[PDB]
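Printed here is structure15.txt (compact mmCIF, C-alpha atoms and all ligand atoms):
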# COMPACT_ATOMS: atom_id res chain seq x y z
CA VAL A 1 146.13 50.39 82.38
CA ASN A 2 149.94 49.80 82.25
CA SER A 3 153.17 51.84 81.55
CA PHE A 4 154.04 50.34 78.12
CA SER A 5 154.13 53.13 75.45
CA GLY A 6 154.29 53.26 71.61
CA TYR A 7 153.27 49.62 70.96
CA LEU A 8 151.39 48.71 67.89
CA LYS A 9 148.46 46.39 68.86
CA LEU A 10 148.34 42.95 67.08
CA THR A 11 145.62 41.07 69.00
CA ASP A 12 143.53 41.24 72.19
CA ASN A 13 146.69 40.39 74.23
CA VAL A 14 149.82 40.83 72.01
CA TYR A 15 151.55 44.15 71.39
CA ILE A 16 154.76 44.87 69.42
CA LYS A 17 157.32 47.71 69.19
CA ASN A 18 160.72 48.38 67.50
CA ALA A 19 162.81 48.44 70.63
CA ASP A 20 166.08 47.47 72.38
CA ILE A 21 164.74 45.17 75.12
CA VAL A 22 167.37 46.51 77.54
CA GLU A 23 166.36 50.19 77.06
CA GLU A 24 162.68 49.25 77.32
CA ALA A 25 163.22 47.31 80.58
CA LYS A 26 165.27 50.19 82.07
CA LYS A 27 162.43 52.68 81.26
CA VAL A 28 159.36 50.54 82.26
CA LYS A 29 160.80 48.34 85.09
CA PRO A 30 158.20 45.70 84.20
CA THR A 31 157.17 42.98 86.69
CA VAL A 32 158.64 40.39 84.22
CA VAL A 33 161.26 40.68 81.47
CA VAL A 34 161.80 37.51 79.43
CA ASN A 35 165.35 36.42 78.58
CA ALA A 36 166.15 34.36 75.47
CA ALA A 37 168.08 31.86 77.54
CA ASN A 38 169.93 28.62 76.80
CA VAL A 39 169.74 25.53 79.03
CA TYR A 40 173.06 26.42 80.75
CA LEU A 41 171.97 30.06 81.42
CA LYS A 42 175.22 31.14 79.73
CA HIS A 43 174.30 34.70 78.73
CA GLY A 44 176.97 35.28 76.05
CA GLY A 45 175.16 37.09 73.19
CA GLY A 46 171.82 38.17 71.73
CA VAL A 47 169.04 39.12 74.20
CA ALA A 48 170.83 37.21 77.01
CA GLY A 49 174.26 38.81 76.49
CA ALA A 50 172.71 42.30 76.28
CA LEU A 51 170.46 41.83 79.36
CA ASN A 52 173.32 40.35 81.36
CA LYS A 53 175.71 43.19 80.36
CA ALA A 54 173.07 45.72 81.54
CA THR A 55 173.10 43.99 85.00
CA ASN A 56 176.92 44.35 85.22
CA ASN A 57 177.13 40.48 85.09
CA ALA A 58 174.92 40.06 88.22
CA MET A 59 172.46 38.03 86.09
CA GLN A 60 175.31 35.59 85.16
CA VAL A 61 176.49 35.28 88.79
CA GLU A 62 172.93 34.46 89.94
CA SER A 63 172.46 32.07 87.00
CA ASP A 64 175.67 30.16 87.73
CA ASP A 65 174.50 29.53 91.30
CA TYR A 66 171.05 28.39 89.92
CA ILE A 67 172.70 25.87 87.57
CA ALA A 68 175.13 24.63 90.23
CA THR A 69 172.08 23.81 92.43
CA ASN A 70 169.48 22.65 89.87
CA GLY A 71 171.32 21.59 86.72
CA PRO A 72 170.39 22.73 83.22
CA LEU A 73 166.93 23.77 82.05
CA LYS A 74 165.00 21.79 79.41
CA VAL A 75 164.63 23.13 75.88
CA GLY A 76 161.09 24.59 76.04
CA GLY A 77 161.45 25.22 79.79
CA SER A 78 162.03 28.23 82.02
CA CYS A 79 162.98 29.49 85.45
CA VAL A 80 162.18 32.69 87.34
CA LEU A 81 165.17 34.61 88.71
CA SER A 82 165.80 38.18 89.73
CA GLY A 83 165.25 41.03 87.27
CA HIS A 84 168.14 42.92 88.90
CA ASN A 85 168.09 46.60 87.79
CA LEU A 86 165.86 45.82 84.77
CA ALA A 87 162.61 44.34 86.15
CA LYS A 88 161.21 42.72 89.29
CA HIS A 89 161.74 39.25 87.82
CA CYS A 90 163.47 37.72 84.79
CA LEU A 91 161.74 34.74 83.21
CA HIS A 92 164.57 32.83 81.50
CA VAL A 93 162.89 30.89 78.67
CA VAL A 94 164.70 28.37 76.43
CA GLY A 95 163.43 28.35 72.90
CA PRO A 96 164.88 25.76 70.51
CA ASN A 97 168.15 26.83 68.84
CA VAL A 98 167.92 25.87 65.12
CA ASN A 99 171.76 26.47 64.83
CA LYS A 100 172.11 23.47 67.31
CA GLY A 101 169.41 21.22 65.60
CA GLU A 102 166.52 21.45 68.21
CA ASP A 103 162.86 20.58 67.33
CA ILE A 104 161.04 23.84 66.32
CA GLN A 105 157.78 22.22 67.71
CA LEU A 106 159.40 23.02 71.09
CA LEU A 107 158.77 26.72 70.38
CA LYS A 108 155.11 26.37 71.42
CA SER A 109 156.17 24.74 74.73
CA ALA A 110 158.62 27.65 75.27
CA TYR A 111 155.88 30.29 74.79
CA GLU A 112 153.52 28.37 77.15
CA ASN A 113 155.78 29.54 80.02
CA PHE A 114 154.56 33.09 79.40
CA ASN A 115 151.00 32.08 80.45
CA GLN A 116 152.17 31.81 84.09
CA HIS A 117 152.62 35.63 84.15
CA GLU A 118 149.84 38.20 83.68
CA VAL A 119 152.04 40.79 81.89
CA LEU A 120 155.51 40.41 80.30
CA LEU A 121 158.08 42.36 78.28
CA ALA A 122 159.57 39.90 75.94
CA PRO A 123 161.55 39.40 72.83
CA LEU A 124 160.57 36.94 70.14
CA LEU A 125 162.03 33.52 70.94
CA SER A 126 164.17 31.31 68.85
CA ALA A 127 164.70 34.56 66.74
CA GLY A 128 168.06 36.25 66.16
CA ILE A 129 171.07 34.00 66.84
CA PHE A 130 168.73 31.06 67.74
CA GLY A 131 168.12 30.74 63.99
CA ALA A 132 164.30 30.41 63.70
CA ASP A 133 162.13 32.44 61.30
CA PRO A 134 160.88 35.44 63.37
CA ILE A 135 157.58 35.52 61.37
CA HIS A 136 156.95 31.96 62.58
CA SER A 137 157.94 32.88 66.14
CA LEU A 138 155.40 35.74 66.16
CA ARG A 139 152.64 33.43 64.84
CA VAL A 140 153.37 30.83 67.59
CA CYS A 141 153.42 33.63 70.18
CA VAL A 142 149.98 34.94 69.12
CA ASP A 143 148.53 31.42 68.94
CA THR A 144 150.00 30.30 72.33
CA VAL A 145 150.27 33.20 74.77
CA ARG A 146 146.97 34.24 76.40
CA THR A 147 148.47 36.71 78.92
CA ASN A 148 149.47 40.24 77.97
CA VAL A 149 152.79 40.30 76.14
CA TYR A 150 154.73 43.35 74.97
CA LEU A 151 157.21 42.24 72.29
CA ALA A 152 160.41 44.28 71.70
CA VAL A 153 161.76 43.65 68.22
CA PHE A 154 165.45 44.81 67.97
CA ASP A 155 165.69 45.24 64.18
CA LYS A 156 163.67 48.12 62.57
CA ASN A 157 163.74 46.32 59.24
CA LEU A 158 162.44 43.11 60.86
CA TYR A 159 159.83 44.99 62.91
CA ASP A 160 158.35 46.52 59.73
CA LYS A 161 158.36 43.11 58.02
CA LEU A 162 156.63 41.43 61.04
CA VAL A 163 153.87 44.08 61.10
CA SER A 164 153.36 44.21 57.31
CA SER A 165 153.13 40.38 57.04
CA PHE A 166 150.98 39.84 60.19
CA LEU A 167 147.74 37.94 59.55
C1 LIG B 201 166.22 39.53 69.36
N1 LIG B 201 167.15 40.38 69.97
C2 LIG B 201 168.49 40.39 69.98
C3 LIG B 201 168.92 41.48 70.76
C4 LIG B 201 167.73 42.12 71.20
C5 LIG B 201 167.37 43.23 72.01
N2 LIG B 201 168.41 44.08 72.61
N3 LIG B 201 166.08 43.53 72.22
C6 LIG B 201 165.14 42.76 71.69
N4 LIG B 201 165.39 41.71 70.95
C7 LIG B 201 166.69 41.39 70.69

With the file now loaded, output its structure as structure tokens.
Ligand SMILES: Cn1ccc2c(N)ncnc21
Amino acid sequence: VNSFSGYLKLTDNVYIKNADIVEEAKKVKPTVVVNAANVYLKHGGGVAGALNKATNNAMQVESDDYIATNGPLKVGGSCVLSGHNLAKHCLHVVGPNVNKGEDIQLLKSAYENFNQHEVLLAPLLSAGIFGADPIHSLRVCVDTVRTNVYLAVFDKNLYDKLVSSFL
């Protein structure tokens, strides 16, 4: 049993809810919240800007030290950092950004990072300002992630479309 509430069940391991990932993290304090990161961990907008704002910029300070030591992530890659006031850990995952021309085939590689964690609160990747089709992102999620994932969809309109169209 876990603390996640109000999720509609899609598969054995994937759950979905119309939710503000920030508000959900604050309420649940999950072991892992996933950030929709870029390779520079520059948390300016979207899931990353909202998560970072909720940490009072501590996520950005920690991320800048990580990049100064390690250099940029790979598209499709991830790193584990603090969850600050939102979660135990934040898994920063880089999905391909269509609005920068990245290979959408890298979306499956991105979601494979989730399999290193038994339970996660996560947004869809490559959705929103990363420019991918969220219906596609949900299909790749279901077909890739084997661990238990709780998806927070920000848009009510999009949430209803993802559920209604789910195969
Ligand atoms: C996709 N996207 C963008 C903002 C956002 C949020 N606050 N929660 C979940 N997903 C989100």

- request: Find the spatial neighbours of residue A:76, counting all atoms listed in the file, within a cut-off of 6 Å - ignore same-chain residues fewer than 6 positions away - and output them as a PyMOL selection string.
  value: chain A and resi 94-95+106+109-110

List as a PDB file with C-alpha atoms, keeping the file's coordinate frame the protein and nucleic acid residues near residue A:149, meaning an atom at most 9 Å away when only C-alpha atoms are counted, but skip any in the same chain fewer than 6 places from it.
ATOM      1  CA  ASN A  13     146.690  40.390  74.230  1.00  0.00           C
ATOM      2  CA  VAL A  14     149.820  40.830  72.010  1.00  0.00           C
ATOM      3  CA  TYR A  15     151.550  44.150  71.390  1.00  0.00           C
ATOM      4  CA  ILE A  16     154.760  44.870  69.420  1.00  0.00           C
ATOM      5  CA  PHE A 114     154.560  33.090  79.400  1.00  0.00           C
ATOM      6  CA  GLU A 118     149.840  38.200  83.680  1.00  0.00           C
ATOM      7  CA  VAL A 119     152.040  40.790  81.890  1.00  0.00           C
ATOM      8  CA  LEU A 120     155.510  40.410  80.300  1.00  0.00           C
ATOM      9  CA  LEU A 121     158.080  42.360  78.280  1.00  0.00           C
ATOM     10  CA  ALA A 122     159.570  39.900  75.940  1.00  0.00           C
ATOM     11  CA  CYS A 141     153.420  33.630  70.180  1.00  0.00           C
TER      12      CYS A 141
END

Can you tell me, as a PDB file with C-alpha atoms, keeping the file's coordinate frame, what residues are no more than 6 Å from residue A:32 when counting all atoms listed in the file, ignoring any on the same chain fewer than 6 positions away?
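selection-v9.pdb written:
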ATOM      1  CA  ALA A  87     162.610  44.340  86.150  1.00  0.00           C
ATOM      2  CA  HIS A  89     161.740  39.250  87.820  1.00  0.00           C
ATOM      3  CA  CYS A  90     163.470  37.720  84.790  1.00  0.00           C
ATOM      4  CA  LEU A 120     155.510  40.410  80.300  1.00  0.00           C
TER       5      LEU A 120
END

query: If we count only C-alpha atoms, what is near residue A:17 at a cut-off of 7 Å, once residues fewer than 6 positions away on the same chain are taken out, given as a ChimeraX atom specification?
result: /A:6-8,151-153

Could I get the residue neighbourhood of ligand LIG 201 (chain B) at 12 Å, counting all atoms listed in the file, as a compact mmCIF listing (two decimals) with C-alpha atoms, in the frame of the given file?
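So the final result, stored in pocket-v4.txt, reads:
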# COMPACT_ATOMS: atom_id res chain seq x y z
CA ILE A 16 154.76 44.87 69.42
CA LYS A 17 157.32 47.71 69.19
CA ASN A 18 160.72 48.38 67.50
CA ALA A 19 162.81 48.44 70.63
CA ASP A 20 166.08 47.47 72.38
CA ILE A 21 164.74 45.17 75.12
CA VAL A 22 167.37 46.51 77.54
CA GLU A 23 166.36 50.19 77.06
CA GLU A 24 162.68 49.25 77.32
CA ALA A 25 163.22 47.31 80.58
CA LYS A 26 165.27 50.19 82.07
CA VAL A 33 161.26 40.68 81.47
CA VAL A 34 161.80 37.51 79.43
CA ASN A 35 165.35 36.42 78.58
CA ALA A 36 166.15 34.36 75.47
CA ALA A 37 168.08 31.86 77.54
CA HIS A 43 174.30 34.70 78.73
CA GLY A 44 176.97 35.28 76.05
CA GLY A 45 175.16 37.09 73.19
CA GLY A 46 171.82 38.17 71.73
CA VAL A 47 169.04 39.12 74.20
CA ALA A 48 170.83 37.21 77.01
CA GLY A 49 174.26 38.81 76.49
CA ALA A 50 172.71 42.30 76.28
CA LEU A 51 170.46 41.83 79.36
CA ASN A 52 173.32 40.35 81.36
CA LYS A 53 175.71 43.19 80.36
CA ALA A 54 173.07 45.72 81.54
CA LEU A 121 158.08 42.36 78.28
CA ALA A 122 159.57 39.90 75.94
CA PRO A 123 161.55 39.40 72.83
CA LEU A 124 160.57 36.94 70.14
CA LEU A 125 162.03 33.52 70.94
CA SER A 126 164.17 31.31 68.85
CA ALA A 127 164.70 34.56 66.74
CA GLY A 128 168.06 36.25 66.16
CA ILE A 129 171.07 34.00 66.84
CA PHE A 130 168.73 31.06 67.74
CA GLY A 131 168.12 30.74 63.99
CA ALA A 132 164.30 30.41 63.70
CA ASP A 133 162.13 32.44 61.30
CA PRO A 134 160.88 35.44 63.37
CA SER A 137 157.94 32.88 66.14
CA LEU A 138 155.40 35.74 66.16
CA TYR A 150 154.73 43.35 74.97
CA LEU A 151 157.21 42.24 72.29
CA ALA A 152 160.41 44.28 71.70
CA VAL A 153 161.76 43.65 68.22
CA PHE A 154 165.45 44.81 67.97
CA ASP A 155 165.69 45.24 64.18
CA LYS A 156 163.67 48.12 62.57
CA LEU A 158 162.44 43.11 60.86
CA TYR A 159 159.83 44.99 62.91

statement: atom CA of residue A:111 sits from atom CA of residue A:75 at a separation of 11.4 Å

query: What is the atom CA of residue A:167-atom CA of residue A:104 distance in Å, reported with one decimal?
result: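 If I compute the distance from atom CA of residue A:167 to atom CA of residue A:104, I get 20.5 Å.
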
query: atom CA of residue A:142 and atom CA of residue A:80, how far apart in Å?
result: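 Between these atoms lies a distance of 22.0 Å.
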
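Of the listed residues A:1, A:148, A:38, A:55, the one whose atoms come nearest to residue A:100 is A:38, with distances taken using all atoms listed in the file.
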
- request: Write out as a count of residues only which residues come within 10 Å of residue A:28 when counting only C-alpha atoms, dropping same-chain ones fewer than 6 positions away.
  value: 7

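The residue that comes closest to residue A:63, out of A:88, A:117, A:42, A:29 and on the basis of only C-alpha atoms, is A:42.
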
message: Could you check the closest approach to residue A:107 for each of A:83, A:144, A:162, A:72 and tell me which residue wins, using all atoms listed in the file?
response: A:144

Centre, x/y/z edge lengths, axis-aligned box for stretch 155-160 of chain A with 8 Å per side, as lines of an AutoDock Vina configuration file:
center_x = 162.0
center_y = 45.6
center_z = 61.7
size_x = 23.3
size_y = 21.0
size_z = 20.9
